[PDB]
Amino acid sequence: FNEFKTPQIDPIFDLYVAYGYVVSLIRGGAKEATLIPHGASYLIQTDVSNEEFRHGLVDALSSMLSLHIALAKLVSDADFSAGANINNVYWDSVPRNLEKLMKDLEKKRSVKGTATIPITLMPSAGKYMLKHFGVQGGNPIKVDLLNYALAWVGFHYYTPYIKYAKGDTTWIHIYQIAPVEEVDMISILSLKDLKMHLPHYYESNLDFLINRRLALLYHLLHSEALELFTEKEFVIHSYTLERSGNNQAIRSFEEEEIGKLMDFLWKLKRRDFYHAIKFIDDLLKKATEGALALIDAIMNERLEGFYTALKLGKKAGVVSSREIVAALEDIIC
Amino acid sequence: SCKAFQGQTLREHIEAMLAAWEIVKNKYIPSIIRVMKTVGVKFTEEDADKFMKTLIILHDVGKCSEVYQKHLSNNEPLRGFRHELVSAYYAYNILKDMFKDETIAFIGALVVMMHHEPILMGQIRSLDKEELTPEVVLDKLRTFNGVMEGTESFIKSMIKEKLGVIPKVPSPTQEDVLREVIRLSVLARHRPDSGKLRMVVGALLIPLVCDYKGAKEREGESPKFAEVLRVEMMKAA
Amino acid sequence: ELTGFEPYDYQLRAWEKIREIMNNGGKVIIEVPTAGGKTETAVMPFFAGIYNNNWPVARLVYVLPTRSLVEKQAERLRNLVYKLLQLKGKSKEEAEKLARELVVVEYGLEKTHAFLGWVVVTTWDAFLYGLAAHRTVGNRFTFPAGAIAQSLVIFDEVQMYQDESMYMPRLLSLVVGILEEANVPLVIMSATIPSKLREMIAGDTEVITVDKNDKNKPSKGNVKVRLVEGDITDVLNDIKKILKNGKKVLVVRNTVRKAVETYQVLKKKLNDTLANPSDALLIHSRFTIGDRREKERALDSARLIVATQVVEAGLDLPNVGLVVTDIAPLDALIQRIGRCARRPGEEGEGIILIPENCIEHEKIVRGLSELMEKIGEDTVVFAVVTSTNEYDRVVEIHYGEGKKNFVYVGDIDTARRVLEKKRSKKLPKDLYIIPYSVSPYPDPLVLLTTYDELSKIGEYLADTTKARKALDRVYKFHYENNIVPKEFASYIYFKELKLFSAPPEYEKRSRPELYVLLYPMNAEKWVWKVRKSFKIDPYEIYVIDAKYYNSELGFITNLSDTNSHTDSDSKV
Amino acid sequence: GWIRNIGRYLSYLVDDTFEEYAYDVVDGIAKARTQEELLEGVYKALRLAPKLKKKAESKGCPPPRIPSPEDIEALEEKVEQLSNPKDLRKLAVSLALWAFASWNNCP
DNA sequence: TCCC
DNA sequence: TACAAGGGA
Ligand code: NI
Ligand code: NI
């Protein structure tokens, strides 16, 4: 077994690199592989050698660059180019780094340098760092080129993200799904199915993409990959990026879970879909306060939240069919 | 002793499928062969006939699940039973046993999976009111209890009559078929293959159009479907 | 046999290129100028494939890019299959019966069958719909793209500029790329294409072009083109001098509004010949009450043929005289004027009628398509045309790939195992909308009376409608701009009206007022200073020729439209 | 169990087809602490039966069905033992949420 | 300093 | 939601 070690830098960046490990592996093969979490290390056990790993990684980044060139110093509206790169200079910086990694890679040559990691792949990083009584010029934090590129691939292939414009500013909600016990190939590909490309939602009627929890509820409404985590424990790590007057910063880092929300949604949708998906969509669009009450009730299991959400929905435009009421009552138990 | 269709028994239907496939063989086999070189493993047209015959015999074995067939006999609703999942379990395991290869049984399991109609997962816009949804598929999967006790016996019988090499039967409990179908469906949904899978497995789907011939139908366009039922006559007259 | 040539065309120049297809091959490229008239590209290999059974390929597919005479291709294929039916039997009566049935237009309706027919003609607009659709009848799902994989799909000039909605070379490159790994033969027909595309869609395929050896290709002859002022009165002197001689005039409009008025203003001021058996017979453009063949098989006459951007491809007119057309993006113009088929010569004439630039607002989008359109004086009736389009569309547009509503991403992740197009995620595929032509004056009494859902009550199957004749009754409407609805909206199986809040594309629609038999309707210093201009749009709906700073297009029709709010400062 | 019928009767007071909009009763019965106020609220909710039946008869749609006396005593015989307000809360909110269902009455 |  | 306050090449 390769049991390839993963560098310890940041349990968010470490997650990204050790979790793009698998997407680099699958394109080259590497069957019967597992990912053991160590809190932050996220070690991986595989029966693969290095060459197939490199072929898989270069195939993944070749597809990445093929997608990048489809739109256009070339700036494309991609997840790794402009969808998640909050900084304008990174829009060009990241593709150049990716193509340099390629050019070094097809000729069987290891990397020889290091690059600065944006705040997108790790919110724990930044520009400065308090040493004793002040900060450093430039960016003290830097990572290896191969780890940077492979973490970018892992972020682009698995982790969902939602952008909303609202004029000059822009909210970008970035989520990462993390195991804590054990995963195999099939689970990881099920997680991969969650990722959806070009989530440039913009628009004005869909204004509830602010309040990140509501945005992820909307995204999970239309995601039907698998109900995998009803038997396996998983967590979600979320953060937000803002463009308030060209002032980019991170203003939200709450860490709750993802299992029970979609579990309640999945137990909520047995009866039918024709009155379920439109139900949630109407409550989200019309009764934003009602949707907030509903999501709070899901998060903290309080009876009055469901009643308040239903009342707010019915007041404006929601039909509130009978079967959804029966499903809610069955959820109450 | 079991009955596949409501109007037709297992034999009087499966024999019709197999017989029609004998005529449609020289028409659709070379397309299957040219598709299956792309996979990476290839055999002759006779082994392709064997593979197609196994699919013909094994796509209705899941029909005889002793609860779904009871609903078929009466007018009781079935509410989304996908017996093709158990049939794909059978096909995968039995083809493991006979053909001694790993990818072709996976392809055959998918081919069984689409039989009648494939499953639909993800990327929806609330136009799946019917059973085309993984939640009801998993509902039927856990409510699955077991196949007829004589299923192994008559599976051995049709194995003997169609090939006669060795009789062997897989036994699904409930969780094992769960693992098999989830693994195969998830892997088919995501691999380095992007358009290869759809072309290949739809190509194997195409010859499976004899169901209209097996049971009486009143479709207006079925006559148009009969236009391609037989190939151009080799003899001038 | 393969040597035996059933048609009376003997052997063509690409006879030796037939063997490059075989049964196990990749991408093979065929190039010949003015291929619309004498195509004969890929039908002989399939026909020789089926002579004594032993089919190499299941079916054949002919692709028309955006909108053309599909009925003409259907009739041509029917004639060819009837001809191959000869010397084998079938007498005389029942041969045509099966010939008419094996040809399927497959407009998109008749969900009972997805794609069936020994030889069929398709459109890229319908081809995209065919890669992902659901056709389930009797609990049996016919997968529309399943027949596409093993059938011979052949394109025909699919690099033609349209109403800012089809001219995407990147999409074509993606399609050929994804079709490459299917291990199926893909051959494309094109008259003029840039050298830059020929390498990113065929990285290891050599171009056969035109060979000096074995001079047997159908030559065009002598064609002269000149720039003339665009006026209705100016062209008149060129009409009365060809109708009496025996020739005909072919007028092409880049806008449906111009085409729906040119014939009317030209059919009244002549009053010289018959109208019922000769006139009122033009190409179809979302009119003619659904069907197209009613005024399509009668076009074989040396009379006035009013036309538009639909007659561009798929025409085998033997008597070609004068062709007048609006502004075209070079590639369109050369294909349009190359209508002089058969024997070379025939005094083929082609001219352009534009007042100044007014026709560029519907088929050029300003940009290099209209700026360099006026710089087209050469006949370009040879194989050196590839040295002309490079400075007309490649140097200014293709390098910047400036396009709007391009949905490439909806073809990679969505098309992995199976999905469907009528229910997309965020990017609907703008292909077509099927309306219904009615004219009920006293009938409207809510719910439109007939055309009900026909649920479990009445019908046990609950899936039945009286739209059997509707297969030849819907129009070809493309979602460009609606602003406000004008026709009776629909949701499912007609009726129920409603949907006043931005109705979506596809299905639905019921046109009441717009239903009639006749028609259906509602760089000076910049070039010499710098280059490498910008693309896309801005507050002004035109392109920008950014030489050093700013320098937008205060010209074309965008300036006239924007002058309604700012008509001062010399219109900017 | 005897919840669907009272749910329909309560929804009869919220549907748009009944242009009366009695939200005070449902809001009061939803927010109940102990026996007395919930009993008073359900009494006030069921007191509006004659106006509902008259409006339904005048509109033409079938009249609403008042909960049967057979399960009327069920509410009492289950509710006295609910000394703890906590387990009372689940039913107090279940009736309220059943009061907000569609319950197509007049087609 | 450039770069939103 | 109005204002400010920022991350980088
Ligand atoms: Ni079956
Ligand atoms: Ni069938």
# chains A, B, ... in the order shown; residues from 1 in each chain; ligands from 1
call {"tool": "residues_near_ligand", "arguments": {"ligand": "ligand 2", "cutoff": "6 Å", "atoms": "only C-alpha atoms (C1' of nucleotides) and all ligand atoms", "output": "ChimeraX atom specification"}}
result
/B:116,211 /C:140
call {"tool": "residues_near_ligand", "arguments": {"ligand": "ligand 1", "cutoff": "7 Å", "atoms": "only C-alpha atoms (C1' of nucleotides) and all ligand atoms", "output": "PyMOL selection string"}}
result
chain B and resi 59-60+63+83-84+116
call {"tool": "write_last_selection", "arguments": {"atoms": "N, CA and C atoms", "output": "short mmCIF file (atom, residue, chain, number, x, y, z; two decimals), in the first residue's frame"}}
result
data_model
loop_
_atom_site.label_atom_id
_atom_site.label_comp_id
_atom_site.auth_asym_id
_atom_site.auth_seq_id
_atom_site.Cartn_x
_atom_site.Cartn_y
_atom_site.Cartn_z
N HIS B 59 -33.31 -11.24 -17.90
CA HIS B 59 -33.88 -9.91 -17.65
C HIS B 59 -35.24 -10.01 -16.98
N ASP B 60 -35.84 -11.20 -16.94
CA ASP B 60 -37.15 -11.39 -16.33
C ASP B 60 -37.11 -12.34 -15.14
N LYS B 63 -38.60 -10.66 -12.20
CA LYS B 63 -40.05 -10.55 -12.25
C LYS B 63 -40.72 -11.54 -11.29
N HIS B 83 -37.44 -4.71 -10.26
CA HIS B 83 -36.91 -6.07 -10.24
C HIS B 83 -35.64 -6.18 -11.06
N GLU B 84 -35.44 -5.26 -12.01
CA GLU B 84 -34.24 -5.29 -12.84
C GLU B 84 -32.98 -5.17 -12.00
N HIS B 116 -36.89 -2.32 -19.42
CA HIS B 116 -38.08 -1.48 -19.27
C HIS B 116 -37.69 -0.01 -19.21
#
call {"tool": "interface_residues", "arguments": {"of": "chain C", "to": "chain A", "cutoff": "9 Å", "atoms": "only C-alpha atoms", "output": "VMD selection string"}}
result
chain C and resid 170 400 to 402 408 to 410 413 425 to 426
call {"tool": "interface_residues", "arguments": {"of": "chain B", "to": "chain A", "cutoff": "7 Å", "atoms": "only C-alpha atoms", "output": "list in words"}}
result
residues 121, 122, 123, 124, 126, 128, 129, 183, 186, 187, 190 and 192 of chain B
call {"tool": "write_last_selection", "arguments": {"atoms": "C-alpha atoms", "output": "compact mmCIF listing (two decimals), in the first residue's frame"}}
result
# COMPACT_ATOMS: atom_id res chain seq x y z
CA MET B 121 -30.91 10.46 -10.16
CA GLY B 122 -29.92 14.08 -9.62
CA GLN B 123 -30.17 17.16 -11.83
CA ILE B 124 -33.97 17.26 -11.70
CA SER B 126 -39.46 18.51 -10.15
CA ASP B 128 -40.41 13.15 -11.56
CA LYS B 129 -43.77 12.66 -9.84
CA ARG B 183 -21.88 0.11 -6.32
CA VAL B 186 -22.60 4.90 -8.63
CA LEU B 187 -19.59 3.65 -10.59
CA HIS B 190 -18.97 8.51 -12.28
CA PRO B 192 -13.08 8.56 -16.19
call {"tool": "select_by_dssp", "arguments": {"residues": "region 258-484 of chain C", "states": "strand (DSSP E or B)", "output": "ChimeraX atom specification"}}
result
/C:305-306,322-325,348-354,433,437,477
call {"tool": "atom_distance", "arguments": {"atom1": "CA of residue 106 (chain D)", "atom2": "CA of residue 9 (chain D)"}}
result
13.3 Å
call {"tool": "closest_atom_pairs", "arguments": {"of": "chain F", "to": "chain A", "cutoff": "7 Å", "atoms": "only C-alpha atoms (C1' of nucleotides)", "output": "Markdown table"}}
result
| residue | atom | partner | partner_atom | distance |
| --- | --- | --- | --- | --- |
| F:6 | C1' | A:247 | CA | 4.9 |
| F:7 | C1' | A:248 | CA | 6.3 |
| F:8 | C1' | A:89 | CA | 6.6 |
| F:9 | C1' | A:89 | CA | 5.7 |
call {"tool": "write_last_selection", "arguments": {"atoms": "C-alpha atoms (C1' of nucleotides)", "output": "PDB file, in the first residue's frame"}}
result
ATOM      1  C1'  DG F   6      -8.677  44.787   1.278  1.00  0.00           C
ATOM      2  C1'  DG F   7      -6.741  41.465  -0.552  1.00  0.00           C
ATOM      3  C1'  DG F   8      -3.027  40.757  -3.916  1.00  0.00           C
ATOM      4  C1'  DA F   9       0.021  40.722  -8.370  1.00  0.00           C
TER       5       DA F   9
END
call {"tool": "select_by_dssp", "arguments": {"residues": "chain D", "states": "helix (DSSP H, G or I)", "output": "PyMOL selection string"}}
result
chain D and resi 4-11+23-30+35-47+49-59+69-79+85-98
call {"tool": "write_last_selection", "arguments": {"atoms": "C-alpha atoms", "output": "PDB file, in the first residue's frame"}}
result
ATOM      1  CA  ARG D   4     -57.465  14.309  10.191  1.00  0.00           C
ATOM      2  CA  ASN D   5     -61.113  15.259  10.776  1.00  0.00           C
ATOM      3  CA  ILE D   6     -60.374  18.040  13.273  1.00  0.00           C
ATOM      4  CA  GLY D   7     -57.561  19.110  10.957  1.00  0.00           C
ATOM      5  CA  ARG D   8     -60.011  19.518   8.081  1.00  0.00           C
ATOM      6  CA  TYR D   9     -62.478  21.366  10.305  1.00  0.00           C
ATOM      7  CA  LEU D  10     -59.774  23.786  11.456  1.00  0.00           C
ATOM      8  CA  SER D  11     -58.522  24.254   7.886  1.00  0.00           C
ATOM      9  CA  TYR D  23     -56.627  33.349  12.465  1.00  0.00           C
ATOM     10  CA  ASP D  24     -57.077  34.384  16.106  1.00  0.00           C
ATOM     11  CA  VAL D  25     -58.503  30.995  17.105  1.00  0.00           C
ATOM     12  CA  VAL D  26     -55.734  28.959  15.462  1.00  0.00           C
ATOM     13  CA  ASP D  27     -53.029  31.277  16.805  1.00  0.00           C
ATOM     14  CA  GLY D  28     -54.455  30.978  20.315  1.00  0.00           C
ATOM     15  CA  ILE D  29     -54.853  27.203  20.230  1.00  0.00           C
ATOM     16  CA  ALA D  30     -51.340  26.784  18.807  1.00  0.00           C
ATOM     17  CA  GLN D  35     -55.544  22.496  29.685  1.00  0.00           C
ATOM     18  CA  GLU D  36     -57.859  25.464  30.233  1.00  0.00           C
ATOM     19  CA  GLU D  37     -56.693  27.818  27.481  1.00  0.00           C
ATOM     20  CA  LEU D  38     -56.413  25.077  24.852  1.00  0.00           C
ATOM     21  CA  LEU D  39     -59.911  23.847  25.712  1.00  0.00           C
ATOM     22  CA  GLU D  40     -61.258  27.395  25.436  1.00  0.00           C
ATOM     23  CA  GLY D  41     -59.477  27.868  22.111  1.00  0.00           C
ATOM     24  CA  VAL D  42     -60.799  24.649  20.600  1.00  0.00           C
ATOM     25  CA  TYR D  43     -64.278  25.571  21.859  1.00  0.00           C
ATOM     26  CA  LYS D  44     -64.040  28.952  20.137  1.00  0.00           C
ATOM     27  CA  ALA D  45     -62.784  27.247  16.974  1.00  0.00           C
ATOM     28  CA  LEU D  46     -65.712  24.815  16.898  1.00  0.00           C
ATOM     29  CA  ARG D  47     -68.244  27.529  17.785  1.00  0.00           C
ATOM     30  CA  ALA D  49     -69.586  25.888  12.678  1.00  0.00           C
ATOM     31  CA  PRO D  50     -72.964  27.484  11.730  1.00  0.00           C
ATOM     32  CA  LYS D  51     -71.425  30.339   9.741  1.00  0.00           C
ATOM     33  CA  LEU D  52     -69.125  27.925   7.895  1.00  0.00           C
ATOM     34  CA  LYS D  53     -72.012  25.603   7.029  1.00  0.00           C
ATOM     35  CA  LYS D  54     -74.215  28.488   5.876  1.00  0.00           C
ATOM     36  CA  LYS D  55     -71.445  29.960   3.718  1.00  0.00           C
ATOM     37  CA  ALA D  56     -70.742  26.554   2.168  1.00  0.00           C
ATOM     38  CA  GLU D  57     -74.439  25.980   1.444  1.00  0.00           C
ATOM     39  CA  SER D  58     -74.804  29.451  -0.095  1.00  0.00           C
ATOM     40  CA  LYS D  59     -71.649  29.003  -2.198  1.00  0.00           C
ATOM     41  CA  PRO D  69     -69.110  13.106  18.789  1.00  0.00           C
ATOM     42  CA  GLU D  70     -67.528   9.630  18.855  1.00  0.00           C
ATOM     43  CA  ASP D  71     -64.014  11.118  18.787  1.00  0.00           C
ATOM     44  CA  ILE D  72     -65.003  14.333  20.580  1.00  0.00           C
ATOM     45  CA  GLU D  73     -64.682  12.490  23.894  1.00  0.00           C
ATOM     46  CA  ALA D  74     -61.328  11.119  22.702  1.00  0.00           C
ATOM     47  CA  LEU D  75     -59.786  14.594  23.002  1.00  0.00           C
ATOM     48  CA  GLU D  76     -60.891  14.843  26.630  1.00  0.00           C
ATOM     49  CA  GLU D  77     -60.050  11.274  27.650  1.00  0.00           C
ATOM     50  CA  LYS D  78     -56.526  11.717  26.293  1.00  0.00           C
ATOM     51  CA  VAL D  79     -55.969  15.275  27.512  1.00  0.00           C
ATOM     52  CA  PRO D  85     -47.016  20.599  29.263  1.00  0.00           C
ATOM     53  CA  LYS D  86     -44.115  19.163  27.235  1.00  0.00           C
ATOM     54  CA  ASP D  87     -45.925  16.148  25.785  1.00  0.00           C
ATOM     55  CA  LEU D  88     -48.989  18.376  25.429  1.00  0.00           C
ATOM     56  CA  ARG D  89     -46.962  20.675  23.159  1.00  0.00           C
ATOM     57  CA  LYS D  90     -46.511  18.084  20.398  1.00  0.00           C
ATOM     58  CA  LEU D  91     -50.261  17.594  20.007  1.00  0.00           C
ATOM     59  CA  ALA D  92     -50.950  21.318  20.461  1.00  0.00           C
ATOM     60  CA  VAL D  93     -48.670  22.037  17.504  1.00  0.00           C
ATOM     61  CA  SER D  94     -49.824  18.981  15.516  1.00  0.00           C
ATOM     62  CA  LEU D  95     -53.396  20.274  15.492  1.00  0.00           C
ATOM     63  CA  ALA D  96     -52.145  23.715  14.437  1.00  0.00           C
ATOM     64  CA  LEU D  97     -50.071  22.352  11.550  1.00  0.00           C
ATOM     65  CA  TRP D  98     -52.944  20.123  10.421  1.00  0.00           C
TER      66      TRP D  98
END
call {"tool": "atom_distance", "arguments": {"atom1": "CA of residue 4 (chain A)", "atom2": "CA of residue 34 (chain A)"}}
result
11.1 Å
call {"tool": "residues_around", "arguments": {"residues": "residue 206 (chain C)", "least_positions_apart": "6", "cutoff": "12 Å", "atoms": "only C-alpha atoms (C1' of nucleotides)", "output": "ChimeraX atom specification"}}
result
/C:17,20,27-31,195,198-199
call {"tool": "write_last_selection", "arguments": {"atoms": "N, CA, C and O atoms", "output": "PDB file, in the first residue's frame"}}
result
ATOM      1  N   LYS C  17     -11.706   8.553 -51.823  1.00  0.00           N
ATOM      2  CA  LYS C  17     -11.858   8.908 -50.418  1.00  0.00           C
ATOM      3  C   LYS C  17     -12.988   8.149 -49.737  1.00  0.00           C
ATOM      4  O   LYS C  17     -13.169   8.300 -48.523  1.00  0.00           O
ATOM      5  N   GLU C  20     -11.825   5.658 -47.005  1.00  0.00           N
ATOM      6  CA  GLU C  20     -11.308   6.197 -45.753  1.00  0.00           C
ATOM      7  C   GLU C  20     -12.301   6.085 -44.603  1.00  0.00           C
ATOM      8  O   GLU C  20     -11.919   6.328 -43.453  1.00  0.00           O
ATOM      9  N   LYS C  27     -12.242  10.417 -37.479  1.00  0.00           N
ATOM     10  CA  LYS C  27     -12.715  11.602 -38.179  1.00  0.00           C
ATOM     11  C   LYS C  27     -12.076  11.688 -39.560  1.00  0.00           C
ATOM     12  O   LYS C  27     -10.848  11.663 -39.690  1.00  0.00           O
ATOM     13  N   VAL C  28     -12.916  11.783 -40.589  1.00  0.00           N
ATOM     14  CA  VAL C  28     -12.476  11.938 -41.970  1.00  0.00           C
ATOM     15  C   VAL C  28     -13.100  13.214 -42.516  1.00  0.00           C
ATOM     16  O   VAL C  28     -14.310  13.423 -42.380  1.00  0.00           O
ATOM     17  N   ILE C  29     -12.279  14.062 -43.127  1.00  0.00           N
ATOM     18  CA  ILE C  29     -12.702  15.387 -43.562  1.00  0.00           C
ATOM     19  C   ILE C  29     -12.843  15.396 -45.079  1.00  0.00           C
ATOM     20  O   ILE C  29     -11.990  14.860 -45.799  1.00  0.00           O
ATOM     21  N   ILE C  30     -13.938  15.978 -45.562  1.00  0.00           N
ATOM     22  CA  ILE C  30     -14.196  16.154 -46.987  1.00  0.00           C
ATOM     23  C   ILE C  30     -14.447  17.637 -47.226  1.00  0.00           C
ATOM     24  O   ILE C  30     -15.271  18.249 -46.534  1.00  0.00           O
ATOM     25  N   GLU C  31     -13.742  18.213 -48.196  1.00  0.00           N
ATOM     26  CA  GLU C  31     -13.877  19.625 -48.531  1.00  0.00           C
ATOM     27  C   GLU C  31     -14.028  19.792 -50.035  1.00  0.00           C
ATOM     28  O   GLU C  31     -13.285  19.180 -50.811  1.00  0.00           O
ATOM     29  N   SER C 195      -8.385  28.003 -41.487  1.00  0.00           N
ATOM     30  CA  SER C 195      -7.321  27.037 -41.233  1.00  0.00           C
ATOM     31  C   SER C 195      -7.187  26.743 -39.745  1.00  0.00           C
ATOM     32  O   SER C 195      -6.732  25.661 -39.355  1.00  0.00           O
ATOM     33  N   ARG C 198      -9.344  23.783 -38.585  1.00  0.00           N
ATOM     34  CA  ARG C 198      -8.958  22.498 -39.158  1.00  0.00           C
ATOM     35  C   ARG C 198      -7.881  21.773 -38.361  1.00  0.00           C
ATOM     36  O   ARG C 198      -7.555  20.629 -38.698  1.00  0.00           O
ATOM     37  N   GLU C 199      -7.324  22.393 -37.319  1.00  0.00           N
ATOM     38  CA  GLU C 199      -6.326  21.736 -36.488  1.00  0.00           C
ATOM     39  C   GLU C 199      -6.820  21.381 -35.094  1.00  0.00           C
ATOM     40  O   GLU C 199      -6.337  20.398 -34.522  1.00  0.00           O
TER      41      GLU C 199
END
call {"tool": "interface_residues", "arguments": {"of": "chain A", "to": "chain D", "cutoff": "8 Å", "atoms": "only C-alpha atoms", "output": "PyMOL selection string"}}
result
chain A and resi 303-304+306-307+310-311+314+319-322+325-326+329+332
call {"tool": "atom_distance", "arguments": {"atom1": "CA of residue 77 (chain B)", "atom2": "CA of residue 422 (chain C)"}}
result
28.5 Å
call {"tool": "closest_residue", "arguments": {"among": "A:178, A:220, A:299, A:241", "to": "residue 123 (chain A)", "atoms": "only C-alpha atoms"}}
result
A:241
call {"tool": "residues_around", "arguments": {"residues": "residue 503 (chain C)", "least_positions_apart": "4", "cutoff": "10 Å", "atoms": "only C-alpha atoms (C1' of nucleotides)", "output": "VMD selection string"}}
result
chain C and resid 482 484 to 485 489 to 491 498 to 499 508 to 509
call {"tool": "interface_residues", "arguments": {"of": "chain C", "to": "chain B", "cutoff": "9 Å", "atoms": "only C-alpha atoms", "output": "VMD selection string"}}
result
chain C and resid 23 to 24 50 to 58 87 to 90 98 101 to 102 110 112 to 113 116 to 118 136 to 143 145 to 147 149 to 150 178 to 179 181 to 184 412 to 420 423 to 425
call {"tool": "residues_around", "arguments": {"residues": "residue 404 (chain C)", "least_positions_apart": "5", "cutoff": "12 Å", "atoms": "only C-alpha atoms (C1' of nucleotides)", "output": "list in words"}}
result
residues 71 of chain A; 163, 164, 165, 166, 167, 168, 365, 535, 536, 537 and 541 of chain C
call {"tool": "closest_residue", "arguments": {"among": "A:183, A:63, A:215, A:168", "to": "chain E", "atoms": "only C-alpha atoms (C1' of nucleotides)"}}
result
A:168
call {"tool": "residues_around", "arguments": {"residues": "residue 196 (chain C)", "least_positions_apart": "4", "cutoff": "12 Å", "atoms": "only C-alpha atoms (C1' of nucleotides)", "output": "list in words"}}
result
residues 169, 170, 173, 200, 201, 202, 203, 386, 387, 389, 390, 391, 393, 394, 395, 398 and 399 of chain C
call {"tool": "decode", "arguments": {"residues": "region 280-316 of chain C", "atoms": "C-alpha atoms", "output": "PDB file, in the first residue's frame"}}
result
ATOM      1  CA  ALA C 280     -47.180  31.860 -53.473  1.00  0.00           C
ATOM      2  CA  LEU C 281     -44.546  29.082 -53.436  1.00  0.00           C
ATOM      3  CA  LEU C 282     -41.622  30.044 -51.195  1.00  0.00           C
ATOM      4  CA  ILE C 283     -39.391  28.485 -48.555  1.00  0.00           C
ATOM      5  CA  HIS C 284     -40.830  27.814 -45.106  1.00  0.00           C
ATOM      6  CA  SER C 285     -40.119  30.203 -42.217  1.00  0.00           C
ATOM      7  CA  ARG C 286     -42.423  29.520 -39.228  1.00  0.00           C
ATOM      8  CA  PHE C 287     -45.472  29.742 -41.514  1.00  0.00           C
ATOM      9  CA  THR C 288     -47.395  27.720 -44.161  1.00  0.00           C
ATOM     10  CA  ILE C 289     -49.617  26.262 -41.400  1.00  0.00           C
ATOM     11  CA  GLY C 290     -47.104  23.769 -40.026  1.00  0.00           C
ATOM     12  CA  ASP C 291     -46.407  21.657 -43.099  1.00  0.00           C
ATOM     13  CA  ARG C 292     -43.670  22.594 -45.572  1.00  0.00           C
ATOM     14  CA  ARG C 293     -44.076  20.160 -48.487  1.00  0.00           C
ATOM     15  CA  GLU C 294     -47.279  21.853 -49.696  1.00  0.00           C
ATOM     16  CA  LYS C 295     -45.216  24.644 -51.293  1.00  0.00           C
ATOM     17  CA  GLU C 296     -41.869  22.824 -51.455  1.00  0.00           C
ATOM     18  CA  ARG C 297     -42.221  20.220 -54.224  1.00  0.00           C
ATOM     19  CA  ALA C 298     -43.707  22.887 -56.532  1.00  0.00           C
ATOM     20  CA  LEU C 299     -40.578  25.080 -56.441  1.00  0.00           C
ATOM     21  CA  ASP C 300     -39.178  23.329 -59.551  1.00  0.00           C
ATOM     22  CA  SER C 301     -40.175  26.145 -61.891  1.00  0.00           C
ATOM     23  CA  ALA C 302     -38.334  28.994 -63.625  1.00  0.00           C
ATOM     24  CA  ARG C 303     -40.325  31.693 -61.842  1.00  0.00           C
ATOM     25  CA  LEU C 304     -39.915  34.210 -59.032  1.00  0.00           C
ATOM     26  CA  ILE C 305     -38.722  32.532 -55.820  1.00  0.00           C
ATOM     27  CA  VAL C 306     -38.829  34.892 -52.842  1.00  0.00           C
ATOM     28  CA  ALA C 307     -36.584  33.566 -50.093  1.00  0.00           C
ATOM     29  CA  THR C 308     -34.635  34.361 -46.925  1.00  0.00           C
ATOM     30  CA  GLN C 309     -31.806  32.870 -44.831  1.00  0.00           C
ATOM     31  CA  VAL C 310     -33.544  29.443 -45.073  1.00  0.00           C
ATOM     32  CA  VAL C 311     -32.718  28.732 -48.751  1.00  0.00           C
ATOM     33  CA  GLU C 312     -29.031  29.029 -47.864  1.00  0.00           C
ATOM     34  CA  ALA C 313     -28.429  25.270 -47.702  1.00  0.00           C
ATOM     35  CA  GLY C 314     -30.086  22.283 -49.324  1.00  0.00           C
ATOM     36  CA  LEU C 315     -31.003  23.380 -52.845  1.00  0.00           C
ATOM     37  CA  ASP C 316     -30.405  21.723 -56.230  1.00  0.00           C
TER      38      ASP C 316
END
